[PDB]
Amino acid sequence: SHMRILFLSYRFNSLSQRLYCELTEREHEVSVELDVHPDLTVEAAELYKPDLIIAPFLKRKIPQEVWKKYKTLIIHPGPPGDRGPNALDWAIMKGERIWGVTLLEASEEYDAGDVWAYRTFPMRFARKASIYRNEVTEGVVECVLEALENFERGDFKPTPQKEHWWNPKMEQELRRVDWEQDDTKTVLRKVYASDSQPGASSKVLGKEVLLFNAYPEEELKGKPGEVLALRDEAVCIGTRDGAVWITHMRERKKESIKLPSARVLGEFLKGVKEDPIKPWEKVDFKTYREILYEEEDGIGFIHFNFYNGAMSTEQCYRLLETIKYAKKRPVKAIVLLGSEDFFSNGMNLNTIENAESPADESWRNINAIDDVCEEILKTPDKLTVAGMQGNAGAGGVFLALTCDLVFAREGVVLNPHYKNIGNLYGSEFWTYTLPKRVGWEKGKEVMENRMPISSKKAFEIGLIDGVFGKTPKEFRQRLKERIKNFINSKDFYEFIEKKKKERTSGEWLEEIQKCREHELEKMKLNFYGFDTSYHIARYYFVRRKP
């Protein structure tokens, strides 16, 4: 009932972090060992002497020395019998209607071990990373729990594979987007199967690129392969039967990084003109809406779909513009929803890494996100709510915390700390926000913890205000119901009374200004001072090896 569990992962990735939260918070010890070398793996296992080894995320054989001596269970993102290193990629390229996940034993043949548990699910037409983070992750969690229960019994015998098949590593030629030959559906299937790695190769404006994060376009039309418009740095490209938006691209070179399309395409883009759509406009056709504002039951909902939850300096100002709009509206509550897969991961480290001066662009980014946080804070006459449908890390968590109420879906993983990015001091009014919820001592413990915590755990420690919902859709409905109830009550007006008296106080208003200028002073030293931890850690996060 207190098992010692060793994780063998290539990287401590989203699924590995979620499993670590699920097991740790059920009182098991989990040691995490990143795949460096087979000799080092046998070493780490021999010291730790686990009762059970889980491989949430592997790129290569586990040494037979380890799994013939410790029970080793492998995660595989395919249904029983599916073998190979790109299971999801193939499932999407082939158009599988039904898919699944398999927890199988380690064996001498790749993925040929007996099955300990599996789940199946219906497949959405969506990015590989979104399938992985939702259906695959929730399914994996169920298999691992059912496997830990069967391990306790010891009277469990796994099921050998029957029908099986092999899919090899998928080559670039198969993902290559050809605009004259590929319809919109085919472009989306190729980009979906390659998002977020390795990307679909293509040529745009005569430049060889990798495509990322596609969206169908039903109004704009033109010459296939012709760039039709810009819109918040995304480009819309003619296909064989219509058009598609591509928000992010990467030059096909060693040192190049994923960036918004306009930054990759650059001066190659001069003829093209913007085609704006404000978030509050209503639209009858499918197009790409980075930020979306809709009103339901006297409630203002701000969706913001920032790729990978990274918030560029410019995306912060686009968001602030929408919060200012929402604040002049006949609405009683304003709810920041983020996206389904991410609430926010703070500053965009890719646009920072790309800038002429990363220190300068860091200065811009932190002041832009602080401007968003200050605007939320300065809402005396409305209720402010953060709805975390997906994961959040670093500054993105503390953005959420400036809202009056913070809710999250079950299974959301949070990293409210800067231990991965050179120990930035942090801003986003955390010195005002965090103590008001957990106290200066526990808040420091939280920011000192480099391991993840669940949405469940954050509820306990008072970090957030409630956790519910299994899916993003479910969580959204629940959140709308709960907020509609509250503003349709007398409590809402008694809540606002206090908020109005305190928030328009010159005491409070200058208290938060001291906090901002305090955090920004610390962050300025991180950005510009002798210790360069931040820039070293950014370089490796942004350019990590796949």
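Start at 1 with the first residue shown and count on from there.
Of the two segments examined, 152 to 160 and 168 to 176, it is 152 to 160 that shows the higher average Cα temperature factor in the deposited entry. Stretch comparison (122 to 130 versus 444 to 452) by mean CA B-factor in the PDB entry places 444 to 452 on top. Highest C-alpha temperature factor among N420, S202, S261, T431, as the PDB entry reports it: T431. For the set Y288, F306, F459, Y293, the maximum C-alpha B-factor listed in the entry falls on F459.
In the PDB entry, a CA B factor belonging to the lowest third of its chain's modelled residues is recorded for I75.
For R250, the recorded CA temperature factor ranks within the lowest third of the chain's modelled residues. In the deposited entry, the Cα temperature factor of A326 sits in the top third of values across the chain's modelled residues. Ranked within its chain, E142 lands in the middle third, by CA B factor from the PDB record. Residue-level temperature factors show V542 in the lowest third of its chain, judged at the C-alpha atom.
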